[PDB]
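Let me begin by presenting the structure, written as structure tokens, before commenting on it.
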Amino acid sequence: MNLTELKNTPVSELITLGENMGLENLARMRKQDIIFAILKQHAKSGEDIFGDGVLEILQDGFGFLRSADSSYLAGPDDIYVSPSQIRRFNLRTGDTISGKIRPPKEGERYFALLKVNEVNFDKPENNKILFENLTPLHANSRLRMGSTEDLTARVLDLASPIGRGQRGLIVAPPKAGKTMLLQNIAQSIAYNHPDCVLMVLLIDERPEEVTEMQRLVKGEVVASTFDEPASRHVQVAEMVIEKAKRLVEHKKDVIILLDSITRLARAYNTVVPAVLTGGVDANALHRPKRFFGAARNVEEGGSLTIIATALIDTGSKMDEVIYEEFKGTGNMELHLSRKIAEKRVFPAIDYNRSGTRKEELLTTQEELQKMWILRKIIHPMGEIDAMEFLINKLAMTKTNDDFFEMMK
Amino acid sequence: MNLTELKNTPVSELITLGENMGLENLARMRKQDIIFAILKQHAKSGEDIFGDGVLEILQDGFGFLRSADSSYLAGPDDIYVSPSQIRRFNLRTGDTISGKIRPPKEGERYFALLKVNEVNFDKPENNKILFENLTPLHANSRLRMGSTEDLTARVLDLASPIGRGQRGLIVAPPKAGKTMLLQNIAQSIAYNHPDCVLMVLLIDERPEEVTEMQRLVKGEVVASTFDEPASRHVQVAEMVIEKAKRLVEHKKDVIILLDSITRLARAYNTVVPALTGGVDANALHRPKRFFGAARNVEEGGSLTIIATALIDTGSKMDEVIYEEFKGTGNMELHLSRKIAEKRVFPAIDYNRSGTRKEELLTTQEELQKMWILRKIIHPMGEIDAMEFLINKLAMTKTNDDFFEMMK
Numbered sequence: 001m002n003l004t005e006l007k008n009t010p011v012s013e014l015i016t017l018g019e020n021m022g023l024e025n026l027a028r029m030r031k032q033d034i035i036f037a038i039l040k041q042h043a044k045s046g047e048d049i050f051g052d053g054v055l056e057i058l059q060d061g062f063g064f065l066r067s068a069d070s071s072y073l074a075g076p077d078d079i080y081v082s083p084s085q086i087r088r089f090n091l092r093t094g095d096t097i098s099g100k101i102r103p104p105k106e107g108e109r110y111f112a113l114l115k116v117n118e119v120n121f122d123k124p125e126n129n130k131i132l133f134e135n136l137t138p139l140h141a142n143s144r145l146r147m152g153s154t155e156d157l158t159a160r161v162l163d164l165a166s167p168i169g170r171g172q173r174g175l176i177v178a179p180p181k182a183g184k185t186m187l188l189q190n191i192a193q194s195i196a197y198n199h200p201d202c203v204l205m206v207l208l209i210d211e212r213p214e215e216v217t218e219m220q221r222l223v224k225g226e227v228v229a230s231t232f233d234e235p236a237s238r239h240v241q242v243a244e245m246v247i248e249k250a251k252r253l254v255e256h257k258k259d260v261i262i263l264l265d266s267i268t269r270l271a272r273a274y275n276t277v278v279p280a284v285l286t287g288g289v290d291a292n293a294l295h296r297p298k299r300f301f302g303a304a305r306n307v308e309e310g311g312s313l314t315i316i317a318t319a320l321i322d323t324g325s326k327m328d329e330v331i332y333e334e335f336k337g338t339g340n341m342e343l344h345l346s347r348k349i350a351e352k353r354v355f356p357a358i359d360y361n362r363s364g365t366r367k368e369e370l371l372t373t374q375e376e377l378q379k380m381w382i383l384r385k386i387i388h389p390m391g392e393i394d395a396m397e398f399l400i401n402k403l404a405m406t407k408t409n410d411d412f413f414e415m416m417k
Numbered sequence: 001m002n003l004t005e006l007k008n009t010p011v012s013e014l015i016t017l018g019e020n021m022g023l024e025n026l027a028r029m030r031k032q033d034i035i036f037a038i039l040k041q042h043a044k045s046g047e048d049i050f051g052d053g054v055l056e057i058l059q060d061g062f063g064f065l066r067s068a069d070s071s072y073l074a075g076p077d078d079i080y081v082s083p084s085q086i087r088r089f090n091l092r093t094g095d096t097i098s099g100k101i102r103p104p105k106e107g108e109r110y111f112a113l114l115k116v117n118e119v120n121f122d123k124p125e126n129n130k131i132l133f134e135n136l137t138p139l140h141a142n143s144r145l146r147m152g153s154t155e156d157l158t159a160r161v162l163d164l165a166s167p168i169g170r171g172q173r174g175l176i177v178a179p180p181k182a183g184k185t186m187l188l189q190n191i192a193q194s195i196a197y198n199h200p201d202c203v204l205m206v207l208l209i210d211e212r213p214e215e216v217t218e219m220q221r222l223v224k225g226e227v228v229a230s231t232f233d234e235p236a237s238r239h240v241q242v243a244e245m246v247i248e249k250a251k252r253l254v255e256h257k258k259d260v261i262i263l264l265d266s267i268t269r270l271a272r273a274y275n276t277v278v279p280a285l286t287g288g289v290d291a292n293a294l295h296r297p298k299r300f301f302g303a304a305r306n307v308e309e310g311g312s313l314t315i316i317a318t319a320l321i322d323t324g325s326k327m328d329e330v331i332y333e334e335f336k337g338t339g340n341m342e343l344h345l346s347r348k349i350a351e352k353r354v355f356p357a358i359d360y361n362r363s364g365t366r367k368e369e370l371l372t373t374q375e376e377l378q379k380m381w382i383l384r385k386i387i388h389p390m391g392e393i394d395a396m397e398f399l400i401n402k403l404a405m406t407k408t409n410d411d412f413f414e415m416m417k
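Protein chains in written order, with PDB author numbering: chain D, 1 to 126, 129 to 147, 152 to 280, 284 to 417; chain E, 1 to 126, 129 to 147, 152 to 280, 285 to 417.
Given below as structure tokens:
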């Protein structure tokens, strides 16, 4: 029928749909093979089968539209794209392609891209590269964040203002509420900034954790699991980052929530051809540094913002090295405290250690001053005292109300 | 059309430019690829293709004139330079070369240097190497630094004078406005010292930070970013210093502002054939070489370098690196997080800054005047001392302060 919509339907529903086309039980096949079976069998109707996907040009010259719902895991129901088709449109990997598709003829292995309708959500023949846009100081247009969840959005909004195009780093030790923190931001963004394109990208995740994130986030959730090869971790991050740059080349504001730059860097360490610094090849740290390095606010419009957690206190040398190597790359950083989290104060933020560069570019003169006053007062305070002090006081109400009335 | 004018034009403009020449749309290719296309299609006529670049001579004997607007990153529209050209003119890497360029003959990859017009800004057949020029202190001939921004420059000017030839170290903890300082310093060099060649070298930087600087400096701003490799950090750096020597080699005053000598040092540490805290003794050699180059050249010209040394990064190596540079310098500016945390902006902790042979950079009148100031702040603590200096400077400018304030 319509490719994307099929892959978005529960397996069971697909099997019944499959049986009901006289296709003998294939309940024991992978969702994907089923989808393929259902396409090939529903090739009694020219002009119907639509297809969409993100393009990965393989070096032979041809590519594949791959789908975001399998976290771009190459599969039988990917859609071949011809080298000519790539040259006629100036296609480039990362490109989001829609159109019509056609069953393989005698001798092929894949449905093929028959007609290009949309490229990047724009006219297939209508755009200059990420690599050449002037990178202003990620900070003109803020992204602000009566419940308790809002407590995080709110503590966060005082410690570490994020702006369209920030390169943020959440430094988190284990069991320090980093996921909730991430989800809180994903929620904050969906609800406050629908205009921004949201992608959450999960690197070496526990499978169940994926389905959870997958269910809360309004936006693209691509993940790979500790199940899968480093290659596969690398595949996922590469495809995402590229789609990302295409969207930006169109003046869109994309946002990537990267869970675990550090795990990504672990991947590149084992996929990159072998100078050691504590386990990690220096040469490896390149591609990651690239990935984060892309975050930027574009002068001609659009924004690529990236927030990535960096794991710490895991008692692994390499995790520690990777952190040190990113120290300074970012322009917003938010520290989580094991201490605060051992004690159960939840937004677990180290206000004294977090903050962003060029805040003045992301706040009003009124806001900063107010922030600066709050800061004067939290400096001497201890990690834990500092969070509690800020919550009990935020507990009064909202954010402006907080201060305006606190001044008595 | 004109290579370098071609390099200094905005992509969109180059796009509309190439499209006119009936070039089928290129927006999707790299600034340098677009430039090459535009150059290729401009294959007719023949005497209207001029090139310039800094020369990099690879060991195989040949070289490329590489472009400063790319921070000398090997790319397509690099110009090929032949051994025979290298040898007929006794060219050396660093050498800034101008002339006509010809497209690639079929089988070739690059436009080629057709005719050498100018070398290092001089007649191609017109200099003793930097490495054998007498190296005075440079205490001689000073580089001095109405509105509130001069407060920085004027504090700098009393705390730690800089001379044509200084080998200054700026010691900077994080968030102590070490960048503003640099930008201040550069602005002060452009307005006051237009005659001196200004080179701003950014080592391991954030892209956005690069484009800021590139937009304030009046001079050459060469930068590698953190997405590039150690090799590239090293490259940019080594290409910069050489271009500086060849220019001192012609009696010019050159000032390099080096943001993080310490990053440069990280670069060398990974790139160098393989410890004291993660850092191999052997690596620092070149960094020191680079820093070591600063000098007032007796036979004319001078190479001055001011570099930041990052500190309090909680990184062992950053720490050992600063260690290894102590005493290599002849001016230092210390920045203090304290003064910073309290929103004072100059940062400089007076009592720990200073330059050597001040007497050579300062008339006897002024020297004494500074000694008194010094006697007075000495007991004061950091914060105090800056705040004291900023109120008392805020009343006026340079000389016109001391006079009256004394009675």
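For each residue, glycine too, the CB sits at the ideal point set by N, CA and C.
Contacts with chain E at 8 Å (Cβ-Cβ) do not include D:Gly-169. Here DSSP, grouped into helix, strand and coil, assigns E:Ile-315 to strand.
Within its own chain, the residues whose Cβ lies closer than 7 Å to the Cβ of D:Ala-236, once the five positions on either side in sequence are excluded, are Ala-273, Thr-276, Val-277, listed in chain order.
The continuous alpha helix (DSSP H) containing D:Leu-383 extends over residues 374 to 387.
Within the segment 218 to 236 of chain E, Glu-218, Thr-231, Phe-232, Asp-233, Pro-235, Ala-236 place their CB atoms closer than 7 Å to a CB of chain D, listed in sequence order. When only Cα atoms are considered, D:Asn-2 and D:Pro-10 end up about 15 Å apart.
Here D:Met-341 is bridged, per DSSP, to D:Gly-174, D:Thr-365.
Against chain D, the CB of E:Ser-82 has no partner CB under 8 Å away; the residue lies outside that interface. Less than 8 Å divides the Cβ of E:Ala-317 from the Cβ of E:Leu-264. Residues of chain E whose Cβ lies closer than 8 Å to the Cβ of D:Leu-136 are, in chain order, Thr-217. Between the alpha carbons of E:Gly-310 and E:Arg-66 lies a distance of about 27 Å. DSSP lists E:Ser-312 as the bridge partner or partners of E:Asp-259. For the 8 Å CB-CB criterion, D:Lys-224 and D:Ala-250 do not form a contact.
Nearest in C-alpha terms to D:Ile-261, of all of D:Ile-34, D:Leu-313, D:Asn-126, is D:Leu-313. Taking a beta-carbon distance threshold of 8 Å, D:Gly-302 counts as an interface residue toward chain E.
Between the segment 318 to 331 of chain D and the segment 298 to 307 of chain D, the count of C-beta pairs closer than 8 Å stays below three; the two stretches do not touch. Within chain D, the residues placing a beta-carbon under 7 Å from that of E:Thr-276 are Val-284, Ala-291, ordered along the chain. The C-beta distance from D:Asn-361 to D:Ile-387 rounds to 6 Å, short enough to fall under 8 Å.
For the C-beta of D:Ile-209, not a single chain E residue is nearer than 8 Å; the gap to the nearest is close to 19 Å.
Per DSSP, the unbroken beta strand (DSSP E) holding D:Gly-99 starts and ends at 96 to 102.
Taking 8 Å as the upper bound on Cβ-Cβ separation, chain D lies near residues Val-11, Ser-12, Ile-15 of the segment 4 to 17 of chain E.
When Cβ-Cβ separations below 8 Å define contact, E:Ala-192 makes no contact with chain D.
Taking E:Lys-184 as the centre and dropping the five residues before and after it, the same chain places the C-beta of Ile-176, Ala-178, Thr-318, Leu-345 closer than 7 Å to its C-beta, in chain order. Distance between D:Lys-336 and D:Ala-68, taken at the CA atoms: about 31 Å. The Cβ atoms of E:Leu-55 and E:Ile-35 lie no closer than 8 Å to each other.
Close CB contacts of D:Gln-41 within its chain, under the 6 Å cut and outside five residues either way in sequence, are with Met-21, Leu-23 (chain order). In this structure D:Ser-194 is in contact with D:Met-147, their Cβ atoms being roughly 4 Å apart against a cut-off of 8 Å.
Residue burial annotation: E:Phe-121 is exposed, with fewer than 16 other C-beta atoms found within 10 angstroms of its C-beta. With 16 or more other Cβ atoms from the protein chains shown falling within 10 Å of its own Cβ, D:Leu-145 counts as buried. With respect to E:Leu-285, E:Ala-243 sits apart: the two C-beta atoms are not nearer than 8 Å.
When secondary structure is reduced to three states using DSSP, E:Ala-236 falls in the helix class.
Just measuring C-alpha positions, the residue of D:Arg-299, D:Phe-50, D:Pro-167, D:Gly-63 sitting nearest D:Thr-372 is D:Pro-167. Contact check for D:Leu-377 against D:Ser-363 fails: the beta carbons are separated by 8 Å or more. Any Cβ of chain D closer than 8 Å to the Cβ of E:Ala-357 would place that residue at the interface, and such an atom is absent. By the CB criterion at 8 Å, E:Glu-308 and E:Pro-138 fall inside the cutoff. Annotation: the continuous alpha helix (DSSP H) that includes E:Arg-296 extends over 295 to 302.
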